[PDB]
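So the chains spell out like this:
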Amino acid sequence: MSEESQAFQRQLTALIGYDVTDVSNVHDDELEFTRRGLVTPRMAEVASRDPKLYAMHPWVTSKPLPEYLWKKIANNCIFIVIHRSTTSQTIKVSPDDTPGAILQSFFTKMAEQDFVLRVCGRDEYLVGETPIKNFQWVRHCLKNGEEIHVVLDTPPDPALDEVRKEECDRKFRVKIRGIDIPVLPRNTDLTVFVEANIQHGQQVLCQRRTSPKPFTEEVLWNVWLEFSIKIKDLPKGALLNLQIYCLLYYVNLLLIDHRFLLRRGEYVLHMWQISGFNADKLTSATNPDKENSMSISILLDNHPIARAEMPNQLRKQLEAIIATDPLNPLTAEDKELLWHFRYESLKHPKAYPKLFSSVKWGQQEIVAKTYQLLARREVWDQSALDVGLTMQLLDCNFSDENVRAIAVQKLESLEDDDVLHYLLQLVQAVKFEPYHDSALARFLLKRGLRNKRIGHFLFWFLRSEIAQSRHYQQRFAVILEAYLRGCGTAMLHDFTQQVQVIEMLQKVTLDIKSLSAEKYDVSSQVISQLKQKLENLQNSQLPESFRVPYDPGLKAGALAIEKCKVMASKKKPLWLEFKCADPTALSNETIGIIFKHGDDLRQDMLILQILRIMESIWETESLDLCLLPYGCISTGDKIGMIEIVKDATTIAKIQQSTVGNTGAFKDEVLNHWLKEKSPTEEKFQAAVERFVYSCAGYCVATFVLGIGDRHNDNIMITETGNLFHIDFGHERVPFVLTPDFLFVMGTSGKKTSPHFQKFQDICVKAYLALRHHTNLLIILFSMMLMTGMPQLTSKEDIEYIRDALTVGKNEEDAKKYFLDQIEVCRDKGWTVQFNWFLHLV
Ligand SMILES: CS(=O)(=O)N1CCN(Cc2cc3nc(-c4cccc(CO)c4)nc(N4CCOCC4)c3s2)CC1
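Residues numbered from 1 in each chain as written, not as in the entry; some residues may be left out. Heavy atoms only, no water. Residues with missing side-chain atoms left out of burial classes, pairs and counts.

This entry lists X-ray crystallography as its structure determination method and reports a resolution of 3.000 Å.

What follows is the structure, encoded as C-alpha cells:
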C-alpha cells in the first residue's frame with residue numbers, strides 16, 4: 001500500500017465508528033470479499049454520474065402538484081425574488097417555466113448564462129430541466145404562505161467532488177462437540193440442551209435435539225445430529241441456527257457460503273444472549289465479546305447446485321386467497337392451491353409474496369421449478385410499481401436471492417423523491433438479507449452515490465445502526481465504507497465536520513447528566529458548568545460551521561451560548577441553539593437542536609418517517625393534514641439529536657398557567673392561549689383552521705400506529721395553531737381529543753358545530769385514504785417492530801394495525817368504526833389525562 005493510503009482508511013474508520021479491516025470477529029472471509037465485491041457497483045455509479053448536477057443535487061418530483069396547492073395559485077402566476085448583495089427585483093413566473101427560462105425572463109427583462117439560482121439561506125439549488133412547480137423547495141413555500149427568495153451566485157465546482165484513486169445424497173449432519181462459558185451464575189442449577197435447526201426465511205425445514213446434560217461451565221456431548229434433509233436439497237441462504245435452552249443463547253451459520261460452497265470444518269461460534277421474532281435473531285454475525293459469551297463448538301464433514309384451464313369455482317377460491325392481507329396466514333390447503341396453479345397465480349403481481357411462501361424450499365426439484373416460474377416474468381416486469389408489494393418480498397419471510405432480486409428490480413424505477421421516503425426502512429431491510437453482498441445493499445450504494453441527499457441520509461442511517469447494533473454493525477460498516485469511498489471529498493469533509501461536532505456535544509451531554517441529581521430540578525451550579533463548557537468549545541475546538549444532520553440544506557454556525565440550557569425534566573437533554581452560517585439567509589432566527597441521552601431515538605426515527613409516508617399518501621388524494629414530523633437522528637446508543645420546532649409550547653404547560661394543581665384541568669385555556677399569540681383575529685381564525693387539520697392529522701395517524709394513548713406533556717402546538725406529538729419511545733382512549741381541543745372547535749361535550757363537522761370530515765377522509773394503502777402500512781409497521789423494538793410476537797403485536805385499519809371491511813363500516821372512536825374520547829374526556837399523576841404518588 002501507500003503511506004497516506006493508510007491515513008485515508010483511519011479517516012474512514014472515524015466516520016464509520018467501526019474498523020472494517022479488523023478480522024478478530026470472523027470465521028471466514030465474507031466481509032472482505034464484499035468489500036471487493038462492491039468496488040464495481042461503486043465505480044460504475046461514480047463514473048456515470050453528471051458532475052454538474054451532482055454538485056447542486058436539485059430536489060425534484062414528477063408527481064402532480066396537489067389540488068390543495070393549485071388553489072394557492074388563483075392566477076397561474078408564481079412569485080420569485082432574485083437577489084444580489086443589496087438590491088433584489090421580483091420576477092413574474094408561470095408555474096410551467098424552468099430554471100433556464102427564468103433567467104431568460106431576467107436578463108432579457110432589463111435591457112452571461114453561467115450564473116445559477118441558489119436559494120437564500122441554504123445549500124439548495126433550482127437547476128436542471130424541470131418546471132419550478134416540480135421543485136420541492138417551491139412546493140414547500142407555496143404550502144406555508146411563504147415567498148420564494150433566491151440568490152444569484154457561481155455554481156459549486158465539480159472539482160471538489162473528486163474521488164481518490166481506489167484499491168450428494170448423504171443426509172446433512174453436524175457434530176455438536178460441546179458448549180462453554182467462563183461464568184453463568186444465577187441461583188439454582190438446571191439442565192441444558194442444544195437445538196439445531198435448518199432454517200430458511202423463518203421456516204424450519206428440519207430440527208434435531210441433543211440429549212440434555214447438567215449445565216456446568218463446560219458441557220461435552222460429542223453427538224452427531226443426523227438430519228433428514230439431503231445435501232443437494234439444501235437451498236442457498238439456509239441457516240444452521242444453533243440455540244441453547246435449559247432459551248438462553250442463539251447463533252447462526254450459513255450452511256452455503258458466499259461462494260456457493262457447502263460449509264465444512266471446525267467452528268467455535270460465540271453466541272448471543274437473550275435479554276429478559278426480531279431481526280437480531282437471524283444474524284450470521286458472532287458475539288464480538290469473546291471473554292464473556294457462551295460458545296458452541298461444532299463440526300461439518302459432509303460442491304452443490306451446479307395448457308389446462310381452472311374450474312371457475314377453484315379460481316374464486318384462489319382469488320379470495322390473493323385478496324387477503326399480508327398477515328393472514330396461509331393454510332396447507334391454501335399453499336398447495338397456489339402452487340398447483342403457479343401459472344395463474346403469476347398473472348397477479350399481488351399474489352407473488354403468498355406464492356413464494358407456498359414453495360417448499362427444502363426440495364431441490366421444486367426450487368428449480370420456482371426458477372422456471374420466475375424466468376417467464378412478463379406480467380411482473382410490465383406491472384406498475386407497488387412499494388408495499390415490493391417491501392413484502394424483502395422482509396424476513398424471503399431468503400431466496402432471486403425472489404428478493406425481482407423485488408429490488410421494481411425499486412430501481414423509484415425516483416429520488418420516493419427513495420428518500422422509504423430509505424430508512426430499506427436500510428433496515430438489509431437486516432433480512434442472508435448475505436453481506438445483496439441486490440438491496442447495492443441498490444442503496446448506487447442511489448446514495450447518485451444523489452447527495454440520499455447519500456447524506458444513507459450515511460446517518462448506516463452509522464446509527466453501526467454504533468448501536470453488534471448484530472449488524474460489521475455488515476453495515478462494509479456498506480458504509482463503500483459509500484464513503486465514492487461520495488467525493490466535498491461530502492467526506494462535510495461528514496468529518498458533523499461527526500466532530502456531535503462527538504463534542506454528546507460528550508457535554510453525558511457529562512452534564514452526572515453532575516445534576518438523578519432527578520430534582522436544575523442546579524445553578526449546573527447552568528454555570530454548561531456555559532463554561534460551551535464557551536470552551538466555541539473557541540478552539542468546534543468547526544466554523546457544520547451541516548445539520550436532519551436537514552442537510554441548513555449550515556449551522558457558531559453557538560448562541562446565551563440561549564443554550566440543560567432541560568428541566570427527562571434525563572437532562574441539551575437545548576442548544578446556533579447561529580446560521582450562511583449570510584444571505586433572510587432571517588435572524590436560530591437553528592435549534594436538542595441533544596438527548598436516555599431515550600431510544602431509533603424508535604422515533606422510525607415513527608417520524610412513517611409520519612412522512614402518511615403525508616405523501618395524503619398528497620395522492622389532495623389532502624393536507626399539517627403534520628410536523630420534525631427531524632430526529634439517532635447517532636448512538638440511547639442517544640441522538642432532535643429538531644426544535646420554533647415557537648412551540650407543550651399543551652400541558654398551557655394548563656400549568658397558574659397552579660396546575662398536580663393535575664388541575666380546564667376546558668377553555670387553549671383557545672385563550674391561541675388569541676394571545678395572535679396579533680389579529682384574522683391570524684387567530686387561521687390558527688383554528690390549522691388546529692383542525694393538525695389535530696385531525698395526528699388523531700388518524702396515531703390510531704393506526706397504536707400510539708394514541710398519550711399524556712398532554714407529549715403533545716405540543718405552535719403559536720400559529722399547528723398541533724403535533726413528540727417523544728415516541730416505547731382504561732383506554734384510542735387517541736387524544738380532550739374537551740380542550742373540542743372547545744377550539746366550538747363544542748363542549750355532546751354537541752355539534754361547523755368547525756367540528758370539518759374535523760370529523762377530514763378524519764374519515766384521511767382514514768379511508770390511508771386504507772387505500774393498507775398493505776403498505778401493515779408491512780412497514782411489521783418491519784418497524786422487527787428491526788426497531790425489543791423482542792416481539794411475530795403474529796400478535798402486528799395484529800393491531802389489522803384491526804385498526806379494519807381489514808376486510810367495506811367503507812361504510814370503517815367510517816363508523818372511527819366515529820365510535822371519537823365518541824370514546826368525548827365520553828371519557830379528562831379520565832385518562834387525569835390518570836397520569838395518580839399512579840406516580
Ligand atoms: C424547562 S424546559 O427545559 O425549558 N422545557 C420543559 C418543557 N419542554 C417540553 C419539550 C419536550 C420535548 N421532548 C422532545 C423529545 C423527547 C424525546 C424524543 C423526541 C423525538 O421524538 C423528542 N422534543 C421536544 N421538542 C422541542 C420542540 O420541537 C420538537 C421537539 C420537546 S419540547 C421544553 C423543555
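Here the focus is the overall build of the protein chain. Looking only at helices and strands, one finds 31 helices and 25 strands in the protein chain. For the protein chain, whose C-alpha radius of gyration is 29 Å, the value lies close to the compact-globule estimate of 28 Å for 841 residues. (Helix = DSSP H or I, 4+ residues; strand = E, 2+ residues; numbered from the N terminus. Rg over C-alpha atoms; globule rule 2.2 N^0.38 Å.)

This part covers the pairing of strand β2 (residues 90-93). Across the two faces of β2 the burial differs, with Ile-91 and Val-93 buried and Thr-90 and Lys-92 not buried at all. Of the pairings in the sheet, the one linking strand β1 (residues 78-83) to β2 comprises four bridges and is antiparallel in character. Looking at the pairing, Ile-78 lines up with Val-93 of β2. Counting the residues in the hairpin turn of β1 and β2 gives six residues, including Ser-85, whose phi is positive at 35 degrees. (Buried < 20%, exposed > 50% of the residue type's maximum accessible area, 1.4 Å probe, protein only. Pairing = 2+ DSSP bridges.)

With that out of the way, let us pick up the site of the ligand. Residues in contact with the ligand amount to 18 residues; listed here are only the nearest, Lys-565, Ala-568, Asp-604, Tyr-630 and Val-645. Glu-643 places a polar main-chain atom, nitrogen or oxygen, 3.4 Å from an oxygen atom of the ligand. Contact distances for the ligand include 2.8 Å between an oxygen atom and a backbone N or O atom of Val-645. Here the ligand has 710 Å² of accessible area as a free molecule, and 81% of this is covered by the chains. If you list the elements that add at least two residues to the shell around the ligand, you get α22 (601-619) and β22 (639-643). (Near = heavy atom within 4 Å. Polar contact = N/O pair within 3.5 Å; in protein donor to acceptor, adjacent residues only side chain to side chain. Areas by Shrake-Rupley, 256 points an atom, 1.4 Å probe, with all protein chains shown as cover.)

Strand order in this open sheet of three strands is β23-β24-β25, and the pairing throughout is antiparallel. What marks the edges here is a single partner per strand, and that holds for β23 (648-650) and β25 (723-725). Neighbour-to-neighbour, the strand axes of this sheet turn through a mean angle of 30 degrees, independent of strand direction. As paired elements, β23 and strand β24 (residues 715-718) share three bridges and run antiparallel to each other. (Axes fitted to C-alpha atoms, helices over the stretch in contact; angles between N-to-C directions.)

On to the pattern of salt bridges. Evaluation of the coordinates by the stated rule reveals 46 salt bridges. One salt bridge in this structure joins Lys-750 and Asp-827, with 3.9 Å as the shortest N-O distance. Placement of the pair is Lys-750 in the loop between α26 (739-744) and α27 (754-771) and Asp-827 in helix α30 (residues 811-828), with a sequence separation of 77 residues. Taking the relative accessible area as the measure of exposure, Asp-827 reaches 62% and is therefore exposed. Residues joined in a network through salt bridges with shared partners are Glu-32, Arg-35, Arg-36, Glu-481 and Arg-485. (Salt bridge = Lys/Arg side-chain N within 4 Å of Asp/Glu carboxyl O.)

Okay, helix α25 (residues 681-705) next. With 25 residues, α25 should reach 36 Å at 1.5 Å per residue; the first-to-last C-alpha distance of 36 Å fits that figure. Among the residues of α25, the N-terminal cap falls to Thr-680, whose side-chain oxygen and the backbone nitrogen of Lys-683 are separated by 3.1 Å. Of the residues one or two after α25, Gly-706 is the one with positive phi, at around 70 degrees. (Expected span 1.5 Å × (residues − 1).)

What follows covers unusual backbone geometry. What is expected of a backbone is that most residues other than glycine have negative phi and most peptide bonds are trans. One non-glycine residue, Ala-308, lies in positive phi territory at about 70 degrees. On the secondary structure map, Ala-308 appears in the loop between β15 (295-300) and α8 (312-323). Owing to a relative accessible area of 74%, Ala-308 belongs among the exposed residues under this scheme. Positioned with a positive phi, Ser-622 is a non-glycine residue whose angle comes to about 60 degrees. You can see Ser-622 is positioned in the loop between α22 and β21 (632-636).

Here the largest cavity defines a volume of roughly 200 Å³. Forming the walls of the largest cavity are 21 residues, and the residues nearest its centre are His-27, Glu-30, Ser-284, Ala-285 and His-436. Looking at the lining of the largest cavity, the elements with two or more residues in it are α2 (30-37), β12 (249-254) and α19 (473-484). Counting residues per element, the lining of the largest cavity draws most heavily on α19, at three residues. Of the residues assigned to the lining of the largest cavity, the class counts are six nonpolar, ten polar and five charged. (1 Å grid on protein atoms, 1.4 Å probe; cavity = no way out; pocket = protein on both sides within 12 Å on 5 of 7 lines; lining within 4 Å. Points joined across faces, edges and corners; volume = space filled by probe spheres on them. Nonpolar A, V, L, I, M, F, W, Y, C, P; charged D, E, K, R; others polar.)

On to the side chain of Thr-509. Along the chain, the position of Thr-509 falls in helix α20 (residues 489-515). Apart from the residues within four sequence positions on either side, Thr-509 is in contact with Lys-572, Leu-574, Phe-595, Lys-596 and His-597. (Contact = heavy atoms within 4.5 Å.)

Attention shifts here to the nonpolar core. Among the nonpolar cores identified, the biggest contains 186 residues, and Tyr-483, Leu-484, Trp-618, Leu-737, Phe-741 and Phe-759 are the most heavily contacted of them. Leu-184, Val-219, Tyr-249 and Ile-296 belong to the second-largest nonpolar core, a separate cluster that totals 38 residues. (Core = buried A, V, L, I, M, F, W, Y, C linked by side-chain atoms within 4.5 Å.)

Along the polypeptide, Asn-671 turns up in helix α24 (residues 669-676). Assessed through its relative accessible area of 17%, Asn-671 is described here as buried. Along the primary structure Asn-671 and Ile-561 are separated by 110 residues, whereas in three dimensions their C-alpha atoms are 34 Å apart. Look past the residues within four positions of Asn-671 in its chain and what remains in contact with it is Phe-684, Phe-743 and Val-744.

Structurally, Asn-241 is set in strand β11 (residues 239-245). The class for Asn-241 is buried, based on a relative accessible area of 1%. Among the polar contacts made by the side chain of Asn-241, one reaches the side chain of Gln-199 at a distance of 3.4 Å.

With antiparallel pairing, the four strands of this open sheet are ordered in space as β10-β6-β15-β13. At either end of the open sheet lies a strand with only one pairing partner, and these are β10 (218-230) and β13 (265-270). Across the sheet, the mean angle separating the axes of adjacent strands is 20 degrees when strand polarity is ignored.

Attention now goes to the domain arrangement of the protein chain. Interfaces are often sized by the amount of accessible area the parts lose when they come together. Domain boundaries in the protein chain define domain 1 (1-166), domain 2 (168-302), domain 3 (303-488), domain 4 (489-646) and domain 5 (647-834). Between domain 3 and domain 5, the C-alpha centre-to-centre distance is 34 Å. With 16 residues of domain 3 in contact, the opposing surface of domain 5 contributes 13 residues. Roughly 1,300 Å² of surface becomes buried between domain 3 and domain 5 when both sides are summed, with 74% attributable to carbon and sulfur atoms. The largest per-residue losses of area from domain 3 upon contact with domain 5 belong to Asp-325, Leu-327 and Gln-425, which jointly make up 36% of the total buried on that side. (Domains from an automatic or database assignment. Buried area = accessible area lost by both parts, 1.4 Å probe.)

With that settled, consider the pairing of strand β8 (residues 204-209). Across five bridges, the pairing between strand β7 (residues 191-199) and β8 is antiparallel. Looking at β8, one finds that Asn-197 is bridged to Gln-207. Linking two consecutive strands that pair antiparallel, namely β7 and β8, is a turn of four residues; a positive phi of about 55 degrees is found at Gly-201 within it.

Now for a nonpolar patch on the surface. Residues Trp-836, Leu-840 and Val-841 make up a contiguous nonpolar surface patch of about 390 Å² in total accessible area. Tracing the backbone through its elements, the reader meets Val-841 in the segment after α31 (831-838). (Patch = residues over 30% accessible without salt bridge, like charges linked within 9 Å, V, L, I, M, F, W, Y side chains within 5 Å.)

In this section: the environment of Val-150. With respect to the secondary-structure elements, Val-150 resides in strand β5 (residues 148-153). Sequence separation between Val-150 and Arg-164 is 14 residues; the distance between their C-alpha atoms is 34 Å. The residues contacting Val-150, other than those within four sequence positions of it, are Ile-80, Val-81, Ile-82, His-83, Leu-117, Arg-118, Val-119, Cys-120 and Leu-126.

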